[PDB]
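Okay, protein-v9.pdb now, which holds PDB, N, CA and C atoms and all ligand atoms:
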```
ATOM      1  N   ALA K   2      77.656  83.385 109.883
ATOM      2  CA  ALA K   2      76.979  84.120 108.813
ATOM      3  C   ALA K   2      75.484  84.277 109.092
ATOM      4  N   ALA K   3      75.085  85.514 109.397
ATOM      5  CA  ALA K   3      73.725  85.813 109.847
ATOM      6  C   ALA K   3      73.322  87.275 109.633
ATOM      7  N   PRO K   4      72.023  87.525 109.491
ATOM      8  CA  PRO K   4      71.537  88.879 109.245
ATOM      9  C   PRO K   4      71.434  89.703 110.507
ATOM     10  N   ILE K   5      72.554  89.769 111.227
ATOM     11  CA  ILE K   5      72.593  90.420 112.546
ATOM     12  C   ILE K   5      72.306  91.904 112.521
ATOM     13  N   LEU K   6      72.502  92.541 111.367
ATOM     14  CA  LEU K   6      72.255  93.988 111.239
ATOM     15  C   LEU K   6      71.022  94.293 110.386
ATOM     16  N   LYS K   7      70.095  93.334 110.329
ATOM     17  CA  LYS K   7      68.863  93.474 109.545
ATOM     18  C   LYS K   7      68.045  94.706 109.855
ATOM     19  N   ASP K   8      68.162  95.214 111.072
ATOM     20  CA  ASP K   8      67.420  96.410 111.478
ATOM     21  C   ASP K   8      68.161  97.720 111.177
ATOM     22  N   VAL K   9      69.382  97.643 110.663
ATOM     23  CA  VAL K   9      70.158  98.836 110.383
ATOM     24  C   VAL K   9      69.830  99.401 108.994
ATOM     25  N   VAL K  10      69.576 100.708 108.918
ATOM     26  CA  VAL K  10      69.542 101.442 107.655
ATOM     27  C   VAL K  10      70.687 102.453 107.712
ATOM     28  N   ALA K  11      71.767 102.103 107.017
ATOM     29  CA  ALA K  11      73.039 102.809 107.137
ATOM     30  C   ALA K  11      73.215 103.783 105.999
ATOM     31  N   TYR K  12      73.892 104.881 106.276
ATOM     32  CA  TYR K  12      74.423 105.812 105.317
ATOM     33  C   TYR K  12      75.942 105.841 105.634
ATOM     34  N   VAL K  13      76.754 105.689 104.594
ATOM     35  CA  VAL K  13      78.197 105.490 104.749
ATOM     36  C   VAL K  13      79.002 106.582 104.048
ATOM     37  N   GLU K  14      79.898 107.218 104.816
ATOM     38  CA  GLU K  14      80.836 108.188 104.283
ATOM     39  C   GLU K  14      82.177 107.918 104.926
ATOM     40  N   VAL K  15      82.985 107.114 104.256
ATOM     41  CA  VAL K  15      84.279 106.723 104.785
ATOM     42  C   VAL K  15      85.340 107.069 103.731
ATOM     43  N   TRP K  16      86.181 108.043 104.072
ATOM     44  CA  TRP K  16      87.157 108.622 103.184
ATOM     45  C   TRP K  16      88.559 108.549 103.796
ATOM     46  N   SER K  17      89.574 108.628 102.957
ATOM     47  CA  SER K  17      90.935 108.931 103.412
ATOM     48  C   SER K  17      90.942 110.348 104.036
ATOM     49  N   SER K  18      91.842 110.618 104.979
ATOM     50  CA  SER K  18      91.882 111.940 105.626
ATOM     51  C   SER K  18      92.119 113.080 104.660
ATOM     52  N   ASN K  19      92.935 112.839 103.660
ATOM     53  CA  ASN K  19      93.208 113.862 102.650
ATOM     54  C   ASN K  19      92.128 113.986 101.557
ATOM     55  N   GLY K  20      91.027 113.242 101.695
ATOM     56  CA  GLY K  20      89.867 113.446 100.846
ATOM     57  C   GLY K  20      90.012 113.065  99.401
ATOM     58  N   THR K  21      90.970 112.200  99.097
ATOM     59  CA  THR K  21      91.103 111.751  97.714
ATOM     60  C   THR K  21      90.497 110.373  97.446
ATOM     61  N   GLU K  22      90.411 109.496  98.465
ATOM     62  CA  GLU K  22      89.894 108.130  98.285
ATOM     63  C   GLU K  22      88.595 107.938  99.070
ATOM     64  N   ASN K  23      87.575 107.433  98.385
ATOM     65  CA  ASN K  23      86.284 107.167  98.990
ATOM     66  C   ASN K  23      86.205 105.651  99.151
ATOM     67  N   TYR K  24      86.253 105.191 100.411
ATOM     68  CA  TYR K  24      86.153 103.769 100.738
ATOM     69  C   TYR K  24      84.751 103.339 101.130
ATOM     70  N   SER K  25      83.763 104.196 100.886
ATOM     71  CA  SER K  25      82.411 103.888 101.318
ATOM     72  C   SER K  25      81.842 102.598 100.735
ATOM     73  N   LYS K  26      82.191 102.273  99.478
ATOM     74  CA  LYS K  26      81.688 101.033  98.877
ATOM     75  C   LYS K  26      82.101  99.767  99.644
ATOM     76  N   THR K  27      83.330  99.656 100.118
ATOM     77  CA  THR K  27      83.652  98.416 100.820
ATOM     78  C   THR K  27      82.981  98.295 102.193
ATOM     79  N   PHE K  28      82.786  99.402 102.902
ATOM     80  CA  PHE K  28      82.011  99.284 104.132
ATOM     81  C   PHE K  28      80.522  99.008 103.867
ATOM     82  N   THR K  29      80.005  99.570 102.769
ATOM     83  CA  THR K  29      78.663  99.248 102.302
ATOM     84  C   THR K  29      78.510  97.737 102.091
ATOM     85  N   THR K  30      79.420  97.134 101.348
ATOM     86  CA  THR K  30      79.427  95.681 101.127
ATOM     87  C   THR K  30      79.459  94.856 102.444
ATOM     88  N   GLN K  31      80.275  95.289 103.408
ATOM     89  CA  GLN K  31      80.384  94.584 104.685
ATOM     90  C   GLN K  31      79.041  94.655 105.439
ATOM     91  N   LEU K  32      78.429  95.839 105.456
ATOM     92  CA  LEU K  32      77.157  96.011 106.120
ATOM     93  C   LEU K  32      76.052  95.150 105.444
ATOM     94  N   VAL K  33      75.943  95.237 104.109
ATOM     95  CA  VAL K  33      74.944  94.461 103.381
ATOM     96  C   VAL K  33      75.127  92.959 103.616
ATOM     97  N   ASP K  34      76.384  92.525 103.751
ATOM     98  CA  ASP K  34      76.697  91.104 104.011
ATOM     99  C   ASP K  34      76.180  90.639 105.397
ATOM    100  N   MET K  35      75.975  91.599 106.300
ATOM    101  CA  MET K  35      75.410  91.347 107.628
ATOM    102  C   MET K  35      73.909  91.654 107.706
ATOM    103  N   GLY K  36      73.274  91.905 106.555
ATOM    104  CA  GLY K  36      71.827  92.060 106.480
ATOM    105  C   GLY K  36      71.278  93.473 106.497
ATOM    106  N   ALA K  37      72.145  94.466 106.658
ATOM    107  CA  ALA K  37      71.711  95.836 106.702
ATOM    108  C   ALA K  37      71.210  96.317 105.358
ATOM    109  N   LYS K  38      70.379  97.346 105.407
ATOM    110  CA  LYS K  38      70.119  98.171 104.255
ATOM    111  C   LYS K  38      71.113  99.301 104.299
ATOM    112  N   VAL K  39      71.685  99.619 103.143
ATOM    113  CA  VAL K  39      72.506 100.820 103.001
ATOM    114  C   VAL K  39      71.844 101.745 101.987
ATOM    115  N   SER K  40      71.534 102.938 102.457
ATOM    116  CA  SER K  40      70.918 103.961 101.662
ATOM    117  C   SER K  40      71.977 104.770 100.926
ATOM    118  N   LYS K  41      71.727 105.098  99.649
ATOM    119  CA  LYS K  41      72.633 105.970  98.915
ATOM    120  C   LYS K  41      72.569 107.419  99.395
ATOM    121  N   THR K  42      71.442 107.786 100.005
ATOM    122  CA  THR K  42      71.267 109.143 100.495
ATOM    123  C   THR K  42      70.955 109.122 101.963
ATOM    124  N   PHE K  43      71.217 110.253 102.610
ATOM    125  CA  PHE K  43      71.028 110.363 104.033
ATOM    126  C   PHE K  43      69.621 110.905 104.202
ATOM    127  N   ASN K  44      68.653 110.002 104.105
ATOM    128  CA  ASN K  44      67.237 110.351 104.250
ATOM    129  C   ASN K  44      66.723 110.021 105.651
ATOM    130  N   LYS K  45      65.430 110.214 105.862
ATOM    131  CA  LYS K  45      64.806 110.139 107.181
ATOM    132  C   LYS K  45      64.765 108.711 107.702
ATOM    133  N   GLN K  46      64.955 107.721 106.821
ATOM    134  CA  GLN K  46      64.911 106.295 107.157
ATOM    135  C   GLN K  46      66.218 105.846 107.811
ATOM    136  N   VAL K  47      67.289 106.611 107.591
ATOM    137  CA  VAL K  47      68.616 106.236 108.070
ATOM    138  C   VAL K  47      68.655 106.220 109.585
ATOM    139  N   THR K  48      69.168 105.104 110.092
ATOM    140  CA  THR K  48      69.352 104.880 111.516
ATOM    141  C   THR K  48      70.793 104.980 111.996
ATOM    142  N   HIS K  49      71.740 104.778 111.069
ATOM    143  CA  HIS K  49      73.177 104.684 111.357
ATOM    144  C   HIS K  49      73.942 105.446 110.291
ATOM    145  N   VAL K  50      74.906 106.258 110.703
ATOM    146  CA  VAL K  50      75.920 106.817 109.831
ATOM    147  C   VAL K  50      77.284 106.269 110.261
ATOM    148  N   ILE K  51      77.968 105.648 109.305
ATOM    149  CA  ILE K  51      79.319 105.168 109.483
ATOM    150  C   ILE K  51      80.200 106.263 108.859
ATOM    151  N   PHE K  52      81.007 106.917 109.701
ATOM    152  CA  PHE K  52      81.681 108.139 109.334
ATOM    153  C   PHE K  52      83.168 108.063 109.589
ATOM    154  N   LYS K  53      83.926 108.396 108.547
ATOM    155  CA  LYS K  53      85.349 108.700 108.686
ATOM    156  C   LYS K  53      85.727 109.777 107.686
ATOM    157  N   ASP K  54      86.084 110.947 108.195
ATOM    158  CA  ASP K  54      86.550 112.013 107.355
ATOM    159  C   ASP K  54      85.625 112.339 106.185
ATOM    160  N   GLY K  55      84.324 112.257 106.461
ATOM    161  CA  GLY K  55      83.294 112.612 105.523
ATOM    162  C   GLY K  55      83.015 114.092 105.557
ATOM    163  N   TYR K  56      81.857 114.449 105.013
ATOM    164  CA  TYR K  56      81.477 115.851 104.974
ATOM    165  C   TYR K  56      81.084 116.382 106.370
ATOM    166  N   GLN K  57      81.476 117.618 106.667
ATOM    167  CA  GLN K  57      81.041 118.252 107.901
ATOM    168  C   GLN K  57      79.520 118.323 107.951
ATOM    169  N   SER K  58      78.876 118.546 106.810
ATOM    170  CA  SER K  58      77.426 118.643 106.777
ATOM    171  C   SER K  58      76.781 117.340 107.250
ATOM    172  N   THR K  59      77.417 116.224 106.929
ATOM    173  CA  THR K  59      76.934 114.878 107.309
ATOM    174  C   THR K  59      77.107 114.695 108.823
ATOM    175  N   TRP K  60      78.267 115.100 109.335
ATOM    176  CA  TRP K  60      78.538 115.006 110.765
ATOM    177  C   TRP K  60      77.463 115.781 111.515
ATOM    178  N   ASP K  61      77.228 117.004 111.079
ATOM    179  CA  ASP K  61      76.306 117.869 111.796
ATOM    180  C   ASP K  61      74.891 117.286 111.746
ATOM    181  N   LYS K  62      74.461 116.876 110.552
ATOM    182  CA  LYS K  62      73.155 116.300 110.363
ATOM    183  C   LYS K  62      72.990 115.039 111.233
ATOM    184  N   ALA K  63      74.000 114.162 111.278
ATOM    185  CA  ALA K  63      73.908 112.980 112.112
ATOM    186  C   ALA K  63      73.721 113.350 113.579
ATOM    187  N   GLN K  64      74.443 114.361 114.045
ATOM    188  CA  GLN K  64      74.347 114.781 115.441
ATOM    189  C   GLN K  64      72.945 115.369 115.692
ATOM    190  N   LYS K  65      72.525 116.276 114.811
ATOM    191  CA  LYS K  65      71.262 116.969 114.991
ATOM    192  C   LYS K  65      70.026 116.091 114.786
ATOM    193  N   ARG K  66      70.160 114.981 114.049
ATOM    194  CA  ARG K  66      69.036 114.104 113.811
ATOM    195  C   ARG K  66      69.022 112.984 114.858
ATOM    196  N   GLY K  67      70.115 112.838 115.603
ATOM    197  CA  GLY K  67      70.144 111.893 116.706
ATOM    198  C   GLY K  67      70.328 110.452 116.247
ATOM    199  N   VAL K  68      70.936 110.270 115.074
ATOM    200  CA  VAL K  68      71.158 108.920 114.545
ATOM    201  C   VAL K  68      72.390 108.305 115.207
ATOM    202  N   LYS K  69      72.585 106.996 115.050
ATOM    203  CA  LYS K  69      73.790 106.396 115.599
ATOM    204  C   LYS K  69      74.941 106.784 114.661
ATOM    205  N   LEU K  70      75.942 107.445 115.220
ATOM    206  CA  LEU K  70      77.088 107.960 114.474
ATOM    207  C   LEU K  70      78.320 107.185 114.959
ATOM    208  N   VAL K  71      78.786 106.279 114.108
ATOM    209  CA  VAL K  71      79.768 105.287 114.515
ATOM    210  C   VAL K  71      81.004 105.296 113.616
ATOM    211  N   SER K  72      82.136 104.818 114.172
ATOM    212  CA  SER K  72      83.369 104.661 113.414
ATOM    213  C   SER K  72      83.318 103.402 112.603
ATOM    214  N   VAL K  73      84.293 103.277 111.688
ATOM    215  CA  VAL K  73      84.419 102.031 110.920
ATOM    216  C   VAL K  73      84.706 100.834 111.817
ATOM    217  N   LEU K  74      85.320 101.074 112.972
ATOM    218  CA  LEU K  74      85.700  99.967 113.847
ATOM    219  C   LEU K  74      84.425  99.238 114.275
ATOM    220  N   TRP K  75      83.294  99.939 114.298
ATOM    221  CA  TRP K  75      82.023  99.302 114.669
ATOM    222  C   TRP K  75      81.680  98.188 113.658
ATOM    223  N   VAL K  76      81.814  98.533 112.371
ATOM    224  CA  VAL K  76      81.502  97.566 111.302
ATOM    225  C   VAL K  76      82.391  96.329 111.445
ATOM    226  N   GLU K  77      83.692  96.530 111.614
ATOM    227  CA  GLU K  77      84.637  95.406 111.807
ATOM    228  C   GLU K  77      84.289  94.554 113.031
ATOM    229  N   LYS K  78      84.032  95.215 114.148
ATOM    230  CA  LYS K  78      83.693  94.505 115.384
ATOM    231  C   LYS K  78      82.379  93.697 115.263
ATOM    232  N   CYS K  79      81.340  94.231 114.601
ATOM    233  CA  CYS K  79      80.140  93.423 114.401
ATOM    234  C   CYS K  79      80.488  92.173 113.598
ATOM    235  N   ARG K  80      81.307  92.359 112.573
ATOM    236  CA  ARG K  80      81.680  91.258 111.710
ATOM    237  C   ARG K  80      82.488  90.203 112.456
ATOM    238  N   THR K  81      83.488  90.640 113.215
ATOM    239  CA  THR K  81      84.390  89.672 113.844
ATOM    240  C   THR K  81      83.671  89.000 115.024
ATOM    241  N   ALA K  82      82.770  89.723 115.676
ATOM    242  CA  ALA K  82      82.046  89.170 116.818
ATOM    243  C   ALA K  82      80.801  88.378 116.418
ATOM    244  N   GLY K  83      80.341  88.578 115.185
ATOM    245  CA  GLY K  83      79.074  88.027 114.720
ATOM    246  C   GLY K  83      77.864  88.467 115.534
ATOM    247  N   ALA K  84      77.859  89.725 115.959
ATOM    248  CA  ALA K  84      76.821  90.250 116.820
ATOM    249  C   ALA K  84      76.593  91.726 116.531
ATOM    250  N   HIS K  85      75.399  92.200 116.850
ATOM    251  CA  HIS K  85      75.106  93.619 116.723
ATOM    252  C   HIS K  85      75.683  94.243 117.971
ATOM    253  N   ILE K  86      76.832  94.894 117.822
ATOM    254  CA  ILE K  86      77.563  95.513 118.940
ATOM    255  C   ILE K  86      76.959  96.848 119.332
ATOM    256  N   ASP K  87      77.015  97.180 120.615
ATOM    257  CA  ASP K  87      76.555  98.475 121.118
ATOM    258  C   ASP K  87      77.257  99.663 120.445
ATOM    259  N   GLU K  88      76.486 100.498 119.741
ATOM    260  CA  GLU K  88      77.023 101.607 118.990
ATOM    261  C   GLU K  88      77.715 102.647 119.871
ATOM    262  N   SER K  89      77.336 102.702 121.161
ATOM    263  CA  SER K  89      77.843 103.763 122.032
ATOM    264  C   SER K  89      79.323 103.491 122.346
ATOM    265  N   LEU K  90      79.786 102.266 122.094
ATOM    266  CA  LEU K  90      81.188 101.921 122.329
ATOM    267  C   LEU K  90      82.131 102.314 121.178
ATOM    268  N   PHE K  91      81.535 102.786 120.076
ATOM    269  CA  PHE K  91      82.249 103.085 118.853
ATOM    270  C   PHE K  91      81.923 104.476 118.289
ATOM    271  N   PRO K  92      82.049 105.499 119.147
ATOM    272  CA  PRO K  92      81.748 106.851 118.651
ATOM    273  C   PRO K  92      82.655 107.217 117.464
ATOM    274  N   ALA K  93      82.111 107.895 116.456
ATOM    275  CA  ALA K  93      82.906 108.362 115.315
ATOM    276  C   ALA K  93      83.749 109.553 115.744
ATOM    277  N   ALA K  94      84.799 109.821 114.983
ATOM    278  CA  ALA K  94      85.676 110.969 115.190
ATOM    279  C   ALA K  94      85.533 111.972 114.059
ATOM    280  N   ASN K  95      85.825 113.223 114.357
ATOM    281  CA  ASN K  95      85.912 114.279 113.352
ATOM    282  C   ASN K  95      86.956 115.238 113.853
ATOM    283  N   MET K  96      88.119 115.243 113.218
ATOM    284  CA  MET K  96      89.233 116.049 113.754
ATOM    285  C   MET K  96      88.928 117.538 113.795
ATOM    286  N   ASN K  97      87.978 118.005 112.983
ATOM    287  CA  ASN K  97      87.579 119.414 113.028
ATOM    288  C   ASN K  97      86.411 119.776 113.996
ATOM    289  N   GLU K  98      85.859 118.821 114.735
ATOM    290  CA  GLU K  98      84.556 119.066 115.385
ATOM    291  C   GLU K  98      84.500 120.259 116.341
ATOM    292  N   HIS K  99      85.602 120.575 117.018
ATOM    293  CA  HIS K  99      85.558 121.670 117.991
ATOM    294  C   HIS K  99      86.355 122.875 117.497
ATOM    295  N   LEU K 100      86.272 123.129 116.187
ATOM    296  CA  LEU K 100      87.081 124.176 115.543
ATOM    297  C   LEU K 100      86.208 125.083 114.665
TER     298      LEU K 100
HETATM  299 CL    CL Y   1      93.279 107.949 105.948
END
```
Please express what this file holds, its structure, as structure tokens.
Amino acid sequence: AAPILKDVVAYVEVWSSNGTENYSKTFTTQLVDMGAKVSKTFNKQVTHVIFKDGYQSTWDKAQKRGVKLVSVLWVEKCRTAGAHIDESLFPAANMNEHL
């Protein structure tokens, strides 16, 4: 138990694929438990976007702003490893990205 993600300012958009369930609150809780700040809005302070089936506008903004854009598996792996894991190993997915 340690503030391993103290330098992270996260914005979280984690949804079911069919867009009916928003699971962002539980990933928010996991991140805060590791010392991160989680922003309610995707402002200029945000360093990390945790993305699953979120808004296309969020995907695009994360890419264009050059923030770390990671899957939920990143959050789990930091937790289970007790370490700030390399974000490049956990690229987020967007099934519509090349369409
Ligand atoms: Cl799902």
Review point. Can you tell me how far atom N of residue 22 (chain K) sits from atom N of residue 56 (chain K), in Å to one decimal?
Key: 11.9 Å
Practice item. Could you give me, as an NGL selection string, each residue of chain K that DSSP assigns to strand (DSSP E) when run on this structure's backbone? Key: :K and (10-15 or 38-39 or 49-53 or 69-71)
Point to revise | Shell around residue 4 (chain K) at 6.5 Å using all atoms listed in the file, local window under 5 positions removed, as a list in words | key: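 The residues satisfying every condition are residues 34, 35, 36 and 37 of chain K.
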Take the residues that were just selected and, keeping N, CA and C atoms, output them as an mmCIF file, keeping the file's coordinate frame.
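That gives us result.cif:
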```
data_model
loop_
_atom_site.group_PDB
_atom_site.id
_atom_site.type_symbol
_atom_site.label_atom_id
_atom_site.label_comp_id
_atom_site.auth_asym_id
_atom_site.auth_seq_id
_atom_site.Cartn_x
_atom_site.Cartn_y
_atom_site.Cartn_z
ATOM 1 N N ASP K 34 76.384 92.525 103.751
ATOM 2 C CA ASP K 34 76.697 91.104 104.011
ATOM 3 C C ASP K 34 76.180 90.639 105.397
ATOM 4 N N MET K 35 75.975 91.599 106.300
ATOM 5 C CA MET K 35 75.410 91.347 107.628
ATOM 6 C C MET K 35 73.909 91.654 107.706
ATOM 7 N N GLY K 36 73.274 91.905 106.555
ATOM 8 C CA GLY K 36 71.827 92.060 106.480
ATOM 9 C C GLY K 36 71.278 93.473 106.497
ATOM 10 N N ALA K 37 72.145 94.466 106.658
ATOM 11 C CA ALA K 37 71.711 95.836 106.702
ATOM 12 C C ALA K 37 71.210 96.317 105.358
#
```
Review point. What is the CA of residue 14 (chain K)-CA of residue 100 (chain K) distance in Å, reported with one decimal?
Key: 20.5 Å
Exercise for review: Would you translate the PyMOL selection byres (((not hetatm)) within 7 of (chain Y and resi 1)) into the concrete set of residues it matches in this file, as a PyMOL selection string?
Suggested key: chain K and resi 16-19
Those residues you just picked out, can you put them in a file as an mmCIF file, in the frame of the given file with N, CA and C atoms?
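Okay, out.cif is ready:
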```cif
data_model
loop_
_atom_site.group_PDB
_atom_site.id
_atom_site.type_symbol
_atom_site.label_atom_id
_atom_site.label_comp_id
_atom_site.auth_asym_id
_atom_site.auth_seq_id
_atom_site.Cartn_x
_atom_site.Cartn_y
_atom_site.Cartn_z
ATOM 1 N N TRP K 16 86.181 108.043 104.072
ATOM 2 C CA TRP K 16 87.157 108.622 103.184
ATOM 3 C C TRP K 16 88.559 108.549 103.796
ATOM 4 N N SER K 17 89.574 108.628 102.957
ATOM 5 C CA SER K 17 90.935 108.931 103.412
ATOM 6 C C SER K 17 90.942 110.348 104.036
ATOM 7 N N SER K 18 91.842 110.618 104.979
ATOM 8 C CA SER K 18 91.882 111.940 105.626
ATOM 9 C C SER K 18 92.119 113.080 104.660
ATOM 10 N N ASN K 19 92.935 112.839 103.660
ATOM 11 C CA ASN K 19 93.208 113.862 102.650
ATOM 12 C C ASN K 19 92.128 113.986 101.557
#
```
Practice item. Check what the PyMOL selection byres (((chain K and resi 94) around 6) and not hetatm) selects in the file above and give those residues as a list in words. Key: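 Against this file, the PyMOL selection byres (((chain K and resi 94) around 6) and not hetatm) returns the residues residues 52, 54, 72, 92, 93, 95 and 96 of chain K.
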Point to revise | Residues returned when the PyMOL selection byres (((chain K and resi 25) around 6.5) and not hetatm) runs on this file, as a PyMOL selection string | key: chain K and resi 13-16+22-24+26-30
